[PDB]
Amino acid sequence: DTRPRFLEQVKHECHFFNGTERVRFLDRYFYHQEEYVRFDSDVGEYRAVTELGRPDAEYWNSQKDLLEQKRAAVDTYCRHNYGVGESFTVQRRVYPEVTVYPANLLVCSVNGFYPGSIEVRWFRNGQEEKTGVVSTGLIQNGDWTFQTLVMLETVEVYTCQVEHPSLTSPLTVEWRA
């Protein structure tokens, strides 16, 4: 396409701390990728992020009803939606499927778990391994599921242990040849 693009972007963000003890709400407008105005619940008013947002900042601020709604957002928008999603998002817990296989390099694949918080450890003869271990990091599969790969450079029982919120105890997969 020859035609140039013009994108407008708006993000209403809700940041939660300690459950919903603290909540912080943002109303951000982006020209292309550059934010020009924002409402921060901690500021209580629209602030021009760049000079482009000045007209909007001043204009929106002169609206008692708009400000009232945004100032109420932390409770009516954020805490409300957190309540509606709470059970299937905040509470979602899917257990990981662990698989150990040789690539001597040993690979421990931990797949399909939610949330992302996980602990994957390699043990050789019941003793942990720090050196020689490589991780791929958290990988979001884009479907409320994560995957992680942990490789161990091997020179004997090799156990890949996984700690995840969805489990009462660690997942161990012991491998030999």
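All residue numbers refer to positions in the sequence shown, first residue = 1.
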- Item | Extent of unmodelled deposited sequence, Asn104 relative to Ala103 | 4 to 9
- Message: Tell me which stretch has the larger mean Cα B-factor in this entry, 27-35 or 51-59.
- Response: 51-59
- Given 18-26 and 5-13, the range whose Cα B-factors average higher in the PDB entry: 18-26
- In this crystal structure's PDB entry, the residue among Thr148, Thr131, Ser117, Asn141 with the greatest CA B factor is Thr131
- Could you look up the Cα B-factor of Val157 in the entry and say which third of the chain it sits in: lowest, middle or highest? highest
- The third of the chain into which the C-alpha temperature factor of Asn111 falls is the lowest
